[PDB]
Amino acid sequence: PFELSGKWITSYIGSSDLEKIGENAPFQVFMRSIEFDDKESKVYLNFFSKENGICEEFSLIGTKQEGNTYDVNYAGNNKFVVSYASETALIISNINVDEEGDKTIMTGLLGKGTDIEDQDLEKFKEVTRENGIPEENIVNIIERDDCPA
């Protein structure tokens, strides 16, 4: 009834560690598209990220493992789930484990373009909360996004 597959833009991101989300850090992500293939139990993700100031396109394949949990390799291991959805937004949560074993909790509010409504935003905060991340580690990331469409 509400196809989650489509164009998605990163509006906000929660994070247990502000350094992982900083300018050029591995988590300053900017989504572009998300293909869910419930058939093969996977998920295609096309998204940009900066390094030294230049954009980098990434097209990752997520694997659906037992539960609402998908798997993807990037910056270390990653585990995420759509903690919630509405027609207008997509709030994700991902447990990253870095190439040094550091644990990090993030929340990511996804939507179609710049128009986020208070309902979804209020929701995201709640889930960031429920995930144990400071309400204060959320930051606007779309304004940063200078990567290609």
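Note that residue numbering follows the sequence shown and begins at 1. Here, rigid core means the biggest group of C-alpha atoms that superpose within 1.5 Å across both forms.
Engineer: I'd like to know which segment deviates more from the shown structure in 8 other deposited structures of this protein: 131-139 or 7-15, using C-alpha RMS over all structures and residues after a core fit.
Structural biologist: Larger mean C-alpha displacement, comparing 131-139 and 7-15 in 8 other deposited structures of this protein, is found in 131-139.
Engineer: Is the larger C-alpha RMS shift in 8 other deposited structures of this protein, relative to this form with the rigid core superposed, found in 90-98 or in 114-122?
Structural biologist: The stretch that sits farther from the shown form in 8 other deposited structures of this protein is 114-122.
Engineer: Select between 53-61 and 115-123 the stretch whose C-alpha atoms have the higher average B-factor in the entry.
Structural biologist: Higher mean C-alpha B-factor in the PDB entry: 115-123.
Engineer: Please compare 80-88 with 63-71 and name the stretch with the higher mean C-alpha B-factor in the deposited structure.
Structural biologist: The stretch with the larger average C-alpha B-factor is 63-71.
Engineer: Name the residue from 24, 10, 131, 137 with the greatest C-alpha temperature factor listed in the entry.
Structural biologist: That would be 24.
Engineer: Among the chain's modelled residues, which third holds the C-alpha B-factor of residue 145?
Structural biologist: Within its chain, residue 145 is a lowest-third residue by C-alpha B-factor, going by the deposited values.
Engineer: Quick one: classify residue 28 as lowest, middle or highest third of the chain based on its Cα B-factor.
Structural biologist: According to the entry, residue 28 has a C-alpha B-factor in the chain's lowest third.
Engineer: When the modelled residues of the chain are sorted by Cα temperature factor, does residue 93 land in the lowest, middle or highest third?
Structural biologist: Answer is lowest: the recorded C-alpha B-factor places it there.
Engineer: Split into thirds by Cα B-factor across the chain's modelled residues, where does residue 109 land: lowest, middle or highest?
Structural biologist: Residue 109: CA B-factor falls in the highest third of its chain.
Engineer: Sorting by Cα B-factor within the chain, modelled residues only, which third would residue 38 end up in: lowest, middle or highest?
Structural biologist: Lowest third.
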